[PDB]
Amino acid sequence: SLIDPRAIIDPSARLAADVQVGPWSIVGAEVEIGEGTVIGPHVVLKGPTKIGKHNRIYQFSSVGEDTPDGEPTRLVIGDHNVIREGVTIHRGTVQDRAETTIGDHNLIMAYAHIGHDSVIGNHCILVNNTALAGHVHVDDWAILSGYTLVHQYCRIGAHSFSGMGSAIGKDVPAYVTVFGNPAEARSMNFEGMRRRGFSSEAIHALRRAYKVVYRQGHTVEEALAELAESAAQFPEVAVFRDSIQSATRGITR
């Protein structure tokens, strides 16, 4: 039996035929689970929530809860995600998007917290006890090391990196490496660029870009103007320029 007889499946929950649900797990009202998803034992799923295909949800996780902070609120999870033990994921709020969104191929490790209205892209890694306070946007390939704490409304750029125990209060531009409490910009995620097979011309253009923004005494407005030529030439320097441009809380330094 794919659905263990000790599991609780709410009559309003919609499941694909091959979904697996472990013992003592609760698939609450308005939960939707897609093809090939494996729900481990002792899992609490609450809705309105959509869980896509080939996901893996480990024991003691509480996914789709109401934020502790009849309003129609939602949580949407994509495909091929791994949600480890004790992870807490809250649904969105009417006083925003009404949605917490998680894309594809993400790895959300033990006791990580995804606050209401957060948006996670694809291929992200949120290491043990990473906490997103709420309204946090995490772009593609970002890595947040163990116990990274993220202030509300913060944007974590594409391929960015945070060291363990970092406390992020400002936006992290794309590819930037950040460390400490409060978080400070240190360098670019060159190891990340190598894993993805970026060209030597692109890696050099990104190293040049970091210096314009952080190591040349330029203001945000001064740096953005100087980056315009490199961003037009390289689509990845454009990813860097855009994350600085769209920063609301200022950039991490």
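What we label the rigid core is the largest C-alpha set whose atoms superpose within 1.5 Å from one form to the other. Position 1 is the first residue in the sequence shown; the rest follow in order.
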### Message
Rigid core superposition, C-alpha RMS per stretch in 9 other deposited structures of this protein: which comes out larger, 44-52 or 218-226?
### Response
218-226
### Farther-lying stretch by C-alpha RMS in 9 other deposited structures of this protein (rigid core fit) among 143-151, 94-102
94-102
### Size class of the missing deposited segment between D69 and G70
4 to 9
### Query
Which has the higher mean CA temperature factor in the PDB entry, 32-40 or 204-212?
204-212
### Message
Per the record, averaged over C-alpha atoms, which has the higher B-factor: 187-195 or 44-52?
### Response
187-195
#### Entry: Top residue by Cα temperature factor, when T177, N129, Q95, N122 are compared in the entry
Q95
### Message
Quick check for you: using the entry's CA B-factors within this chain, is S160 in the lowest, middle or highest third?
### Response
middle
### Task
Would you check the entry's CA temperature factor for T100 and let me know if it's in the chain's lowest, middle or highest third?
middle
### Query
Split the chain's modelled residues into thirds by Cα B-factor; is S166 in the lowest, middle or highest one?
middle
